[PDB]
Amino acid sequence: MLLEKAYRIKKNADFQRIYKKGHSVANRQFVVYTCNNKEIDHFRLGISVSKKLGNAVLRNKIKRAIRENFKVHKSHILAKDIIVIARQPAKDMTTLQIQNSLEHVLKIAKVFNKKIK
C-alpha cells in the first residue's frame, strides 16, 4: 500500500498544470511551482532548470542537491503539485547551497506540513 509516480512529473500537462494556475514563488535563485494547496494525493515532484545557468554540471548540482533533499523531504512533502526550477544565477550555488535553497523557496512553496528545523 504505497504510492507510485503519481507524485512525479514526466508529462507536459503535469508540468503545464502548475504553470497554468499554479502558485509559483522564488527565493533568490530558486523557484518552486505548486498547485492546489492540498487537492491531490501525490506531490507531483518535478525538476526544471534554465538554459542560461551554465554547463550541465550546473544544471545537475541544482538537480542532484535537489534529488538529495526531496529524498529526505520525500516524507515531508504533501500532495499539492511541487516543483523546483532553477532561476539562472543558481549556478553559482553548490550541493550545499542548492540544498539551502529549498530551505526557503520550498519553505515558501508550502510543500511542507510544517517544515522541520
# chains A, B, ... in the order shown; residues from 1 in each chain; ligands from 1
call {"tool": "residues_around", "arguments": {"residues": "residue 19 in chain A", "least_positions_apart": "6", "cutoff": "10 Å", "atoms": "only C-alpha atoms", "output": "ChimeraX atom specification"}}
result
/A:13,33-35
call {"tool": "write_last_selection", "arguments": {"atoms": "C-alpha atoms", "output": "PDB file, in the first residue's frame"}}
result
ATOM      1  CA  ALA A  13       0.203  18.583 -18.724  1.00  0.00           C
ATOM      2  CA  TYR A  33       5.805  25.868  -8.627  1.00  0.00           C
ATOM      3  CA  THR A  34       2.828  24.280  -6.912  1.00  0.00           C
ATOM      4  CA  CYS A  35      -0.923  23.991  -7.316  1.00  0.00           C
TER       5      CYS A  35
END
call {"tool": "select_by_dssp", "arguments": {"residues": "chain A", "states": "alpha helix (DSSP H)", "output": "mmCIF file with N, CA and C atoms, in the first residue's frame"}}
result
data_model
loop_
_atom_site.group_PDB
_atom_site.id
_atom_site.type_symbol
_atom_site.label_atom_id
_atom_site.label_comp_id
_atom_site.auth_asym_id
_atom_site.auth_seq_id
_atom_site.Cartn_x
_atom_site.Cartn_y
_atom_site.Cartn_z
ATOM 1 N N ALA A 13 1.388 18.105 -19.414
ATOM 2 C CA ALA A 13 0.203 18.583 -18.724
ATOM 3 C C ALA A 13 0.505 18.710 -17.229
ATOM 4 N N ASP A 14 1.269 17.750 -16.729
ATOM 5 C CA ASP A 14 1.636 17.743 -15.324
ATOM 6 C C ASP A 14 2.585 18.911 -15.044
ATOM 7 N N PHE A 15 3.280 19.331 -16.089
ATOM 8 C CA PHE A 15 4.221 20.433 -15.970
ATOM 9 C C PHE A 15 3.542 21.768 -16.281
ATOM 10 N N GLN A 16 2.516 21.694 -17.116
ATOM 11 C CA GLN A 16 1.777 22.885 -17.502
ATOM 12 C C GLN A 16 0.774 23.262 -16.409
ATOM 13 N N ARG A 17 0.243 22.239 -15.756
ATOM 14 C CA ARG A 17 -0.725 22.451 -14.694
ATOM 15 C C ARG A 17 -0.286 23.613 -13.800
ATOM 16 N N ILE A 18 0.731 23.347 -12.993
ATOM 17 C CA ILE A 18 1.252 24.357 -12.089
ATOM 18 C C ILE A 18 1.446 25.668 -12.853
ATOM 19 N N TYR A 19 2.207 25.580 -13.934
ATOM 20 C CA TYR A 19 2.477 26.746 -14.757
ATOM 21 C C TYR A 19 1.177 27.371 -15.266
ATOM 22 N N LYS A 20 0.098 26.615 -15.120
ATOM 23 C CA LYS A 20 -1.207 27.082 -15.559
ATOM 24 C C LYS A 20 -1.733 28.120 -14.568
ATOM 25 N N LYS A 21 -2.256 27.621 -13.456
ATOM 26 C CA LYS A 21 -2.794 28.492 -12.426
ATOM 27 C C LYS A 21 -2.008 28.287 -11.129
ATOM 28 N N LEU A 58 26.133 22.445 -13.842
ATOM 29 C CA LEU A 58 25.380 23.426 -13.079
ATOM 30 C C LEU A 58 23.914 22.992 -13.002
ATOM 31 N N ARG A 59 23.399 22.556 -14.143
ATOM 32 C CA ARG A 59 22.018 22.109 -14.220
ATOM 33 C C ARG A 59 21.855 20.766 -13.508
ATOM 34 N N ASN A 60 22.981 20.226 -13.064
ATOM 35 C CA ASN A 60 22.976 18.950 -12.369
ATOM 36 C C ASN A 60 22.938 19.197 -10.859
ATOM 37 N N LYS A 61 23.925 19.947 -10.391
ATOM 38 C CA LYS A 61 24.017 20.264 -8.976
ATOM 39 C C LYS A 61 22.650 20.735 -8.473
ATOM 40 N N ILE A 62 22.043 21.621 -9.248
ATOM 41 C CA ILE A 62 20.740 22.156 -8.895
ATOM 42 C C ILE A 62 19.720 21.015 -8.854
ATOM 43 N N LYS A 63 20.032 19.958 -9.588
ATOM 44 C CA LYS A 63 19.156 18.800 -9.644
ATOM 45 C C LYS A 63 19.540 17.821 -8.532
ATOM 46 N N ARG A 64 20.793 17.396 -8.570
ATOM 47 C CA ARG A 64 21.298 16.463 -7.576
ATOM 48 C C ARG A 64 20.956 16.952 -6.167
ATOM 49 N N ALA A 65 21.587 18.054 -5.789
ATOM 50 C CA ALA A 65 21.360 18.633 -4.476
ATOM 51 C C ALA A 65 19.862 18.606 -4.163
ATOM 52 N N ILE A 66 19.068 18.658 -5.222
ATOM 53 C CA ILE A 66 17.623 18.640 -5.075
ATOM 54 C C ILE A 66 17.147 17.192 -4.938
ATOM 55 N N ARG A 67 17.748 16.325 -5.739
ATOM 56 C CA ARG A 67 17.397 14.917 -5.717
ATOM 57 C C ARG A 67 17.885 14.267 -4.420
ATOM 58 N N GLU A 68 18.687 15.023 -3.684
ATOM 59 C CA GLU A 68 19.227 14.535 -2.426
ATOM 60 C C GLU A 68 18.389 15.050 -1.254
ATOM 61 N N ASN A 69 17.759 16.194 -1.475
ATOM 62 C CA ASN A 69 16.927 16.801 -0.449
ATOM 63 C C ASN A 69 15.542 16.150 -0.473
ATOM 64 N N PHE A 70 14.815 16.422 -1.547
ATOM 65 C CA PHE A 70 13.478 15.873 -1.705
ATOM 66 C C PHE A 70 13.426 14.417 -1.236
ATOM 67 N N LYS A 71 14.579 13.767 -1.298
ATOM 68 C CA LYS A 71 14.677 12.377 -0.886
ATOM 69 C C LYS A 71 14.295 12.259 0.590
ATOM 70 N N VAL A 72 14.877 13.139 1.392
ATOM 71 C CA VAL A 72 14.608 13.145 2.820
ATOM 72 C C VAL A 72 13.253 13.808 3.076
ATOM 73 N N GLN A 97 24.609 24.804 -1.157
ATOM 74 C CA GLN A 97 23.714 25.944 -1.246
ATOM 75 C C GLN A 97 22.388 25.528 -1.886
ATOM 76 N N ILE A 98 22.502 24.821 -3.001
ATOM 77 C CA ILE A 98 21.325 24.357 -3.717
ATOM 78 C C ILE A 98 20.325 23.771 -2.720
ATOM 79 N N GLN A 99 20.862 23.046 -1.750
ATOM 80 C CA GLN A 99 20.030 22.427 -0.730
ATOM 81 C C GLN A 99 19.486 23.488 0.228
ATOM 82 N N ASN A 100 20.317 24.489 0.486
ATOM 83 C CA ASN A 100 19.933 25.569 1.378
ATOM 84 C C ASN A 100 18.899 26.457 0.684
ATOM 85 N N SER A 101 18.666 26.156 -0.585
ATOM 86 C CA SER A 101 17.706 26.915 -1.370
ATOM 87 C C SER A 101 16.282 26.479 -1.020
ATOM 88 N N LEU A 102 16.086 25.169 -1.002
ATOM 89 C CA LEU A 102 14.783 24.612 -0.685
ATOM 90 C C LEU A 102 14.396 25.006 0.742
ATOM 91 N N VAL A 105 12.807 28.923 -0.699
ATOM 92 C CA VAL A 105 11.905 28.831 -1.833
ATOM 93 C C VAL A 105 10.859 27.747 -1.560
ATOM 94 N N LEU A 106 11.352 26.566 -1.221
ATOM 95 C CA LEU A 106 10.476 25.443 -0.935
ATOM 96 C C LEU A 106 9.634 25.762 0.305
ATOM 97 N N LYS A 107 10.298 26.332 1.300
ATOM 98 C CA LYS A 107 9.627 26.691 2.537
ATOM 99 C C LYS A 107 8.489 27.668 2.232
ATOM 100 N N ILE A 108 8.555 28.246 1.041
ATOM 101 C CA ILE A 108 7.542 29.197 0.616
ATOM 102 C C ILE A 108 6.494 28.475 -0.234
ATOM 103 N N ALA A 109 6.962 27.478 -0.971
ATOM 104 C CA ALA A 109 6.080 26.704 -1.827
ATOM 105 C C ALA A 109 4.882 26.215 -1.010
#
call {"tool": "residues_around", "arguments": {"residues": "range 78-93 of chain A", "least_positions_apart": "5", "cutoff": "7 Å", "atoms": "only C-alpha atoms", "output": "short mmCIF file (atom, residue, chain, number, x, y, z; two decimals) with N, CA and C atoms, in the first residue's frame"}}
result
data_model
loop_
_atom_site.label_atom_id
_atom_site.label_comp_id
_atom_site.auth_asym_id
_atom_site.auth_seq_id
_atom_site.Cartn_x
_atom_site.Cartn_y
_atom_site.Cartn_z
N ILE A 18 0.73 23.35 -12.99
CA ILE A 18 1.25 24.36 -12.09
C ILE A 18 1.45 25.67 -12.85
N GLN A 29 17.53 32.46 -6.13
CA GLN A 29 17.91 31.92 -7.43
C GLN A 29 17.18 30.60 -7.69
N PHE A 30 16.17 30.35 -6.87
CA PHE A 30 15.39 29.13 -7.00
C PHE A 30 13.89 29.43 -6.87
N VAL A 31 13.12 28.80 -7.74
CA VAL A 31 11.68 28.98 -7.74
C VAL A 31 10.99 27.62 -7.66
N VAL A 32 9.85 27.61 -6.98
CA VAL A 32 9.09 26.38 -6.82
C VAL A 32 7.64 26.62 -7.25
N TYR A 33 7.17 25.76 -8.13
CA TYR A 33 5.81 25.87 -8.63
C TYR A 33 4.91 24.78 -8.03
N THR A 34 3.77 25.21 -7.51
CA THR A 34 2.83 24.28 -6.91
C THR A 34 1.39 24.68 -7.26
N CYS A 35 0.48 23.75 -7.03
CA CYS A 35 -0.92 23.99 -7.32
C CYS A 35 -1.76 23.24 -6.28
N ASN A 36 -2.97 23.74 -6.07
CA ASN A 36 -3.87 23.13 -5.11
C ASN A 36 -3.13 22.90 -3.79
N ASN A 37 -3.28 23.86 -2.89
CA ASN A 37 -2.63 23.77 -1.59
C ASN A 37 -2.69 22.33 -1.09
N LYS A 38 -3.81 21.68 -1.37
CA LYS A 38 -4.00 20.30 -0.96
C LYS A 38 -5.26 19.74 -1.63
N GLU A 39 -5.14 19.48 -2.92
CA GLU A 39 -6.25 18.94 -3.68
C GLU A 39 -5.79 17.77 -4.55
N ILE A 40 -4.74 17.10 -4.08
CA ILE A 40 -4.20 15.97 -4.80
C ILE A 40 -4.02 14.79 -3.83
N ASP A 41 -3.20 13.84 -4.25
CA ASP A 41 -2.94 12.67 -3.44
C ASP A 41 -1.49 12.21 -3.66
N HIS A 42 -0.72 13.08 -4.28
CA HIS A 42 0.68 12.78 -4.56
C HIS A 42 1.40 14.06 -4.98
N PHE A 43 2.44 14.39 -4.22
CA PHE A 43 3.22 15.58 -4.50
C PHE A 43 3.99 15.43 -5.82
N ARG A 44 3.34 15.82 -6.90
CA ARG A 44 3.95 15.74 -8.21
C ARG A 44 5.33 16.41 -8.21
N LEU A 45 6.34 15.59 -7.98
CA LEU A 45 7.71 16.09 -7.94
C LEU A 45 8.20 16.31 -9.37
N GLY A 46 8.88 17.44 -9.56
CA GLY A 46 9.41 17.79 -10.86
C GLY A 46 10.76 18.49 -10.74
N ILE A 47 11.49 18.51 -11.85
CA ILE A 47 12.79 19.14 -11.87
C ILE A 47 12.93 19.96 -13.16
N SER A 48 13.29 21.22 -12.99
CA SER A 48 13.46 22.11 -14.12
C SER A 48 14.64 23.06 -13.87
N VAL A 49 15.31 23.42 -14.96
CA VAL A 49 16.45 24.31 -14.88
C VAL A 49 16.37 25.34 -16.01
N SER A 50 17.36 26.23 -16.02
CA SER A 50 17.41 27.26 -17.04
C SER A 50 18.41 26.87 -18.13
N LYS A 52 20.40 29.25 -19.28
CA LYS A 52 21.43 30.27 -19.13
C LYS A 52 22.30 29.93 -17.93
N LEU A 53 21.80 29.03 -17.10
CA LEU A 53 22.52 28.61 -15.91
C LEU A 53 24.02 28.58 -16.22
N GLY A 54 24.41 27.57 -16.99
CA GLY A 54 25.81 27.42 -17.36
C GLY A 54 26.04 26.10 -18.10
N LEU A 58 26.13 22.44 -13.84
CA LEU A 58 25.38 23.43 -13.08
C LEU A 58 23.91 22.99 -13.00
N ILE A 62 22.04 21.62 -9.25
CA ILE A 62 20.74 22.16 -8.89
C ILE A 62 19.72 21.02 -8.85
N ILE A 98 22.50 24.82 -3.00
CA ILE A 98 21.32 24.36 -3.72
C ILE A 98 20.32 23.77 -2.72
N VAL A 111 5.05 23.26 0.51
CA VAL A 111 5.06 21.82 0.31
C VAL A 111 5.54 21.13 1.58
N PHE A 112 5.39 21.84 2.69
CA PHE A 112 5.80 21.31 3.98
C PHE A 112 4.66 21.37 4.99
N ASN A 113 4.35 20.22 5.56
CA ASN A 113 3.28 20.13 6.54
C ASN A 113 3.51 21.17 7.64
#
call {"tool": "closest_residue", "arguments": {"among": "A:75, A:96, A:110, A:115", "to": "residue 3 in chain A", "atoms": "only C-alpha atoms"}}
result
A:75
call {"tool": "select_by_dssp", "arguments": {"residues": "range 22-102 of chain A", "states": "strand (DSSP E or B)", "output": "VMD selection string"}}
result
chain A and resid 23 to 24 30 to 34 45 to 48 82 to 86
call {"tool": "atom_distance", "arguments": {"atom1": "CA of residue 5 in chain A", "atom2": "CA of residue 74 in chain A"}}
result
12.6 Å
call {"tool": "atom_distance", "arguments": {"atom1": "CA of residue 10 in chain A", "atom2": "CA of residue 95 in chain A"}}
result
23.8 Å
call {"tool": "atom_distance", "arguments": {"atom1": "CA of residue 73 in chain A", "atom2": "CA of residue 8 in chain A"}}
result
14.1 Å
